[PDB]
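Let's start with one chain on its own, the form deposited in one PDB entry, as structure tokens.
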């Protein structure tokens, strides 16, 4: 009873976020009563929260030795093992907890979450429904279930589901509980801007609570650039220096920084995955520090302070692998959110968010806890000019003239074309056309028979479906292909004689409203098709069914598998038009379609995430592809699918402007980012505090 009062106090101290005081009290409980199963399990749980995973495991096992049927200890032990990447151990614990007590809702929810993470969405949904049957008031299970349903485009009772998510968040905010909607997912649901901001703020708060155990004073920050020989020391912090979308966007940026005025430190939160992405940032940054080797956030943050960083740049936000505890400790006088996270941090510890006028207009500035720091064009950038230079030019084969039926790309394309007798040059600067011919017939035969490659006139000619067999680093975008590649509509079962609208996003970004718009467009344009991905495959029959109920026959939507990075980008050349997802736009995916020369129709919303595509298109200089409402989006899209001369014009415009605009110009981007960094620095060095920048 003395023991229980200590334990109960510790429990409350924990819920409040006084982690140190909770630990101290559980240990007191165990001094007074060593065989206290619950106190061991609760201490284990808080040690797990602090990263002390082995010490946690020890206490969970003591709890179970004391009470062999303590299902809750097994459930929480399972979470600890999952955090240590021991999936097998985790499943053994979850299944043991459910065997002890089949009515234990939390264990069902934990099992569901590991099914989800493993790619077993139907089993995750099933386990979440068991949890909700057992305990109907269970916000974590309801919101995680809602995300599973989103992932597979299960829209059963969609509008009441959405109302219920909002309702749960309202209730959770007013009670100062951690909201069950993850900040990253909050963009997909019709929550208020205040709610989205508050969800983010509460998640940042978990990092503040974790760093308080350390007892660190404020760090003292540079007031001038004297220790760094007049150089601004910029620190980029990311878990994604490796094969990840964010590296596919910004891997050239570190090495393009002006070493006369900047000194670049890249802090990796992940170990080296062996990829060229990681090799490049390690080689080209002035300094590369692997913080994955420094688990303790205190020691890791000290390193950033003694490197003397002026601007620390958060590339994760609330994405996997983040360590925002590093930014909670404020080791640098200016802390900015950049590129990797398409939302606000909600946190006081972040000063700016780097964005732009189109993406985040001054009006909607109360979305963000940060001050707006505008790049002059778009804050978005892509490494496509360096990664896929073989797509800078193309040739076609005239089967029956189309730009997107049978396409050739390669670094040595020019020399191959010059080896051929009868090549026609169509001005657009230009598109070589190989006529139907023995050579043209040899190529089409390789494709129709699914062969890997052939040789024509000494040139290597590769089937675009076989890139991982020819050169797996070229397939991933780690190397530029060294062969000429052939890409065709026939490879993907797309019609030779109709308009192909595409969208290559994960299926979770589609909602009922969006698919209704796409169905309207397809009905207005006979024979045309919508080209989607199995992303994941189990989303396919749901999409097809909701489209059938809207009046489209099944043949109007063609699904392809997710491809390796280079194939994905290359095959966008086969589409006529990309239809962007208004709920959450293609971000990296948007840069990808534009690099192929494919116009993208978008309807910007209010969230940062719903406005990225329109910012890209503005920078690109194609204002005619931005819709102000649903009717406009459909008219634009139908116009592009019926007015074939206007299609040819708009495509020609995207094809040229991907080079002549700033969109993919990483040097210009880096230089503009450098100016913006100096503004931020001077503003502060002159005694001022963070303010908006335009």
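Positions refer to the first chain, counted from 1. Just so we're on the same page, rigid core means the largest C-alpha set that superposes within 1.5 Å between forms.
One more form of this protein, solved in complex with a small molecule, exists but is not displayed; see below.
Checking 365, 296, 213, 562 against the small molecule in the deposited complex, a heavy atom within 4.5 Å turns up for just one residue: 562.
Between the options 119, 274, 136, 190, the residue in contact with the small molecule in the deposited complex by a heavy atom within 4.5 angstroms is 119. Here the chain stands alone, but in the deposited complex its contact with the small molecule, taken as any heavy atom within 4.5 Å, falls in 534-542 among 515-523, 547-555, 534-542, 93-101. In the deposited complex, no heavy atom of residue 288 sits within 4.5 Å of the small molecule. Proximity of residue 506 to the small molecule in the deposited complex falls within the 4.5 Å heavy atom cutoff. Residue 225 falls outside the set of residues with a heavy atom inside 4.5 Å of the small molecule in the deposited complex. Taking non-hydrogen atoms only, residue 151 approaches the small molecule to within 4.5 angstroms in the deposited complex. Following superposition on the rigid core between the shown form and the other one, the residue from 596, 90, 285, 510 with a C-alpha displacement of 2 angstroms or more is 90, and no other.
Relative to the superposed core, residue 659 undergoes a C-alpha shift smaller than 2 Å between the shown form and the other one.
Comparing the forms between the shown form and the other one, the C-alpha position of residue 649 differs by less than 2 angstroms, with the core used for superposition.
A displacement of less than 2 angstroms separates the C-alpha positions of residue 640 between the shown form and the other one, with the rigid core held in common. Here's the thing about residue 292 and residue 23: their CA atoms end up at least 3 Å farther apart in the deposited complex than they are in this form.
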